[PDB]
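Mapped onto PDB author numbering, the consecutive letters of the sequence shown carry residue numbers 4 to 40, 44 to 370. So the structure is just underneath, and the comments pick up after that.
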Amino acid sequence: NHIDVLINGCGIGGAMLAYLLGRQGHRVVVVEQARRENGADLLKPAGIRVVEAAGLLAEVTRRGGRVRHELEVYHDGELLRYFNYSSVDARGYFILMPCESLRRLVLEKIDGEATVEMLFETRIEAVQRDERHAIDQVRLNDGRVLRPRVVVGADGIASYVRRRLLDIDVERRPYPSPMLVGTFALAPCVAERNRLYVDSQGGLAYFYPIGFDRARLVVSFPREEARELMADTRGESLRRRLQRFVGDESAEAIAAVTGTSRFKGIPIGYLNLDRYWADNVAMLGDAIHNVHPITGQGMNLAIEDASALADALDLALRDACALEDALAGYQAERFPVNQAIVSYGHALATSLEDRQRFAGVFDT
Ligand SMILES: Cc1cc2nc3c(=O)[nH]c(=O)nc-3n(C[C@H](O)[C@H](O)[C@H](O)COP(=O)(O)OP(=O)(O)OC[C@H]3O[C@@H](n4cnc5c(N)ncnc54)[C@H](O)[C@@H]3O)c2cc1C
């Protein structure tokens, strides 16, 4: 019952890590509380590099992923910034791909990896540590006992591994504006170009295509206004509010908002843990950092962490270096990258209303 890595959580980060480790022939058990069976949509160049390394890039666009290289940002109805991400660098492009679509693809690949065992509707019950304080035994709620060299927390914003195995508590810092996302019919303007709108009253509306034939609309307003707008389920108050700061180019996208019933809240946190690991326990993704969803980077960073952790763990598992050195390496690589986006998200979210401050944040 000796295994190389026990991964808690089979979200996008956990799945990507399991697949990358499995491809190397490491013995992996993934534990997921939910049945096999909504999240972020964005892959940035660094995330795309991981996907490309995994041999998955072709399948991504085959399954409705969209390559893009432009963004317009409006403030109070007028164009504030236009970004061409590929103007200097041909590989500057980003990809829009639903988290669930990418995860399903990765799970299909894991299905073919003989050294990976995925356990759904399963959870960690108890752990045992050795005299060196490394976890040496883990019992699952099905009665399964495993002896892993490494335990990984890929278990998201409420990480059991963080809270219970590492006994880390995280202060919460709520924001005054929620963010919500709904899915609608795809208007030609949205198929054309991603457009983000914000206003001096704290409104935000971001329209972008998703999959083959749908569009997302991500919105944010101060809490009580957002409540009012969502309460009018036939959508009239929301369309009217949008019309206040969203210009004609997106008129059809506003018209596509036929109701509010299917809007979903998005989690908003602010975190970058000072330690990404302790003993033989490492964490990735939302377990170690929470970025404001205005950045779009929740999935992307989980994928970037997974790749860096796969590299570090591969080295430790091959005995190319001590686990403690490998994990220290993982933190050194990832922490400044994750930190920069956490800071950026908070700066963006808090500067919305102030046009030049907001523009200032974009430039850096
Ligand atoms: C509706 C919605 C919209 C979102 N949109 C945005 C956005 O616009 N911009 C943005 O930046 N981010 C967004 N996100 C966040 C983004 O989806 C996450 O940051 C991303 O999924 C993080 O990946 P992860 O692998 O670290 O964690 P997760 O994808 O959360 O995966 C964690 C996995 O661990 C499992 N798990 C948890 N606890 C246990 C346990 N005790 N035992 C076993 N398994 C466990 C969970 O079931 C889950 O499968 C959104 C999230 C939601 C819910």
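All C-beta atoms, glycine included, are put in the ideal place defined by N, C-alpha and C.
Whole-angstrom distance between residue j and residue i, CA atom to CA atom
i, j, result
"residue 41", "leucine 354", "Gap in the chain between 40 and 44; residue 41 lies inside it and carries no coordinates."
"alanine 284", "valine 158", "10 Å"
"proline 154", "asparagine 4", "8 Å"
"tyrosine 282", "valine 94", "34 Å"
"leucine 20", "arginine 109", "11 Å"
"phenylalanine 227", "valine 187", "12 Å"
"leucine 321", "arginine 68", "33 Å"
"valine 56", "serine 243", "42 Å"
"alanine 314", "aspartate 205", "38 Å"
"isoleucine 174", "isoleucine 163", "13 Å"
"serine 349", "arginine 129", "33 Å"
"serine 267", "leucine 111", "29 Å"
"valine 176", "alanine 334", "21 Å"
"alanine 232", "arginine 324", "52 Å"
"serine 256", "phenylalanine 190", "13 Å"
"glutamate 330", "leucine 235", "51 Å"
"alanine 332", "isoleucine 274", "31 Å"
"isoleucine 141", "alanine 18", "22 Å"
"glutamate 258", "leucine 85", "18 Å"
Residue i: CB within 8 Å of a non-hydrogen atom of ligand 3
i, result
"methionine 185", "The model depicted lacks ligand 3 and carries ligand 1 instead."
Beta-carbon proximity check, residue i vs residue j, cutoff 9 Å
i, j, result
"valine 8", "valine 34", "no"
"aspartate 292", "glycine 83", "no"
"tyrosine 80", "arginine 201", "yes"
"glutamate 359", "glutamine 207", "yes"
"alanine 308", "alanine 193", "no"
"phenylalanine 218", "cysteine 195", "no"
"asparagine 306", "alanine 52", "yes"
"residue 3", "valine 151", "Outside the displayed span of the chain (4 to 370) sits residue 3, for which this structure offers no information."
"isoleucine 294", "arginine 168", "yes"
"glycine 70", "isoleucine 216", "yes"
"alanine 328", "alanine 288", "no"
"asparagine 11", "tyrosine 203", "no"
8 Å contact criterion, which residue i and residue j should meet: CB distance rounded
i, j, result
"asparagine 147", "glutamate 131", "5 Å"
"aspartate 311", "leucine 277", "Not confirmed; about 13 Å, so no contact."
"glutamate 114", "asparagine 44", "So it is not a contact: roughly 19 Å between Cβ atoms."
"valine 252", "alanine 211", "6 Å"
"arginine 30", "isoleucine 6", "5 Å"
Cβ neighbours of residue i in the same chain (closer than 6 Å, five flanking residues each side left out)
i, result
"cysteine 13", "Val33 and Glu35"
"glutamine 143", "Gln134 and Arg153"
"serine 92", "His75, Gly98 and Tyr99"
"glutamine 337", "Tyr282"
"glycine 209", "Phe227 and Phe251"
Cutoff 7 Å; reference residue i; Cβ partners in own chain excluding five residues on either side
i, result
"residue 42", "Looking at the chain, the numbering goes 40 and then 44, which leaves residue 42 without any coordinates in this model."
"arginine 199", "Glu76 and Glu78"
"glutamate 339", "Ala314"
"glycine 271", "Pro184 and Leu186"
"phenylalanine 89", "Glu76 and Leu77"
Same chain only: Cβ atoms within 8 Å of residue i, ignoring 5 sequence neighbours per side
i, result
"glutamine 303", "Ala46, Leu48, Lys50, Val297, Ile347 and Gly351"
"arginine 38", "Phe126 and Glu127"
"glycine 366", "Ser357"
**contact_flag[the segment 136-156, the segment 47-54] where n(CB pairs < 8 Å) is 3 or more** = Note that the segment 136-156 does not touch the segment 47-54; fewer than 3 beta-carbon pairs, one per stretch, sit closer than 8 Å.
**Message:** Closer than 8 Å is the cut-off here; do at least three beta carbon pairs connect the segment 116-126 with the segment 11-26?
**Reply:** By the Cβ criterion, the segment 116-126 is in contact with the segment 11-26, since at least three pairs of Cβ atoms, one from each stretch, lie closer than 8 Å.
**Item:** At least three beta-carbon pairs within less than 8 Å, the segment 174-186 to the segment 217-234
**Value:** As far as the Cβ criterion goes, the segment 174-186 touches the segment 217-234, which means the pair count is three or higher.
**Item:** Contact between the segment 66-82 and the segment 96-105 (3+ Cβ pairs under 8 Å)
**Value:** Flag = yes, the segment 66-82 and the segment 96-105 touch.
**Request:** Check whether the segment 247-264 touches the segment 172-183, counting contact only when three or more Cβ pairs, one atom from each stretch, lie closer than 8 Å.
**Result:** In the pairwise beta carbon analysis, the segment 247-264 is classified as not touching the segment 172-183: fewer than three pairs are separated by under 8 Å.
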